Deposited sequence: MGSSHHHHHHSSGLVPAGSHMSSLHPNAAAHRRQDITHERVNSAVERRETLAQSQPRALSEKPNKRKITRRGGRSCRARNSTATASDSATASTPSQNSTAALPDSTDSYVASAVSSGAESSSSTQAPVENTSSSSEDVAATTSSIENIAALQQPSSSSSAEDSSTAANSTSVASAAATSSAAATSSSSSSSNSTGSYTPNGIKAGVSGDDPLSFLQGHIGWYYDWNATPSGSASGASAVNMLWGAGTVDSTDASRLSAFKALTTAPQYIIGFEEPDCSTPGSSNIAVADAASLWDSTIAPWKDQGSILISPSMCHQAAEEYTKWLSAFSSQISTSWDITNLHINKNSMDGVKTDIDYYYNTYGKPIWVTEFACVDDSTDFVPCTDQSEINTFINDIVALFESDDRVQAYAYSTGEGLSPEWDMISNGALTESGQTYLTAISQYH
């Protein structure tokens, strides 16, 4: 053996993860990792790694303020840090940060942990592969002094062709391993229309989990439990695991 992160780029050798705390009790034993958009996840699961996150710059609302303040009070080095949630968007549950402000915060507040072994995951673009035209991440990449280890994607698509478009764009541009920190069935061909048909949702979840497992560029992925998606996409409903939640669980259980 030879003479650095404690963590692997695929946490615990399981690509599959989840966003949010309510799902953990249900997915435990079949996921490598989890996060809940807080500085530290409030939930816990044996067998999986907690992933830390800095959601934003701390001014969108009092939750943004609370998360930045918790992140600055960390005294124990994260294994993994996810960067800002959709700083390129201004709509609900997006962090809405100008490039220059985000670069400075990344460098001052996230980057120092790399020295302690933390794996750095980039901010997520809401614009997906249209980041080619909006140029938020590309300008951010130019302005930061400490780069990321792992390129962070949000995939909101309704076909594997669209999923591949996103992975291709980000892999061809940066040549770094990818984490899909949120995916959802959404028709984005025209505007942003979340999928509502359960049968199409099931096919999507089964298809995308197979794609991600087989794609060596994708080192981790997580089902989105974020805001603005269809009720049929909800993983949890009145404390129960929904059909969509069960389709994800069954799909990731074929692997681990």
**Prompt:** Where does the model skip over parts of the deposited sequence?
**Reply:** 1-184, 188-191
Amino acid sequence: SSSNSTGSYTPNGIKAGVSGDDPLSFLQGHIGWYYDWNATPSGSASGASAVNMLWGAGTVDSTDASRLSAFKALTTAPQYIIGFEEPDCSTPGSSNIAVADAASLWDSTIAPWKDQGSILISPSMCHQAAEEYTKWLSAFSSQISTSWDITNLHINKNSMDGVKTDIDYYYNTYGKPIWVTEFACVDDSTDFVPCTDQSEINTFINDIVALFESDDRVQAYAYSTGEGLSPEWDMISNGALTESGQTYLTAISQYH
From here on, numbers count along this sequence of modelled residues.
**Request:** Read off the CA B-factors in the entry, average them over 114-122 and over 80-88, and name the higher stretch.
**Result:** 114-122
**Asked** Of 6-14 and 240-248, which one has the bigger average CA B-factor?
**Response** 6-14
**Highest recorded Cα temperature factor - choice among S46, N52, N202, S224** = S46
**Message:** Quick check on the deposited entry: does the C-alpha B-factor of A98 sit in the lowest, middle or highest third of its chain?
**Reply:** middle
**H127 CA temperature factor, ranked by third within the chain** = lowest
**Fill in**
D166: CA B-factor among chain residues, third -> lowest
**Request:** Determine, from the deposited record, the chain-internal third of the Cα B-factor for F140: lowest, middle or highest.
**Result:** lowest
**B-factor third for the C-alpha atom of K176 within its chain** = middle
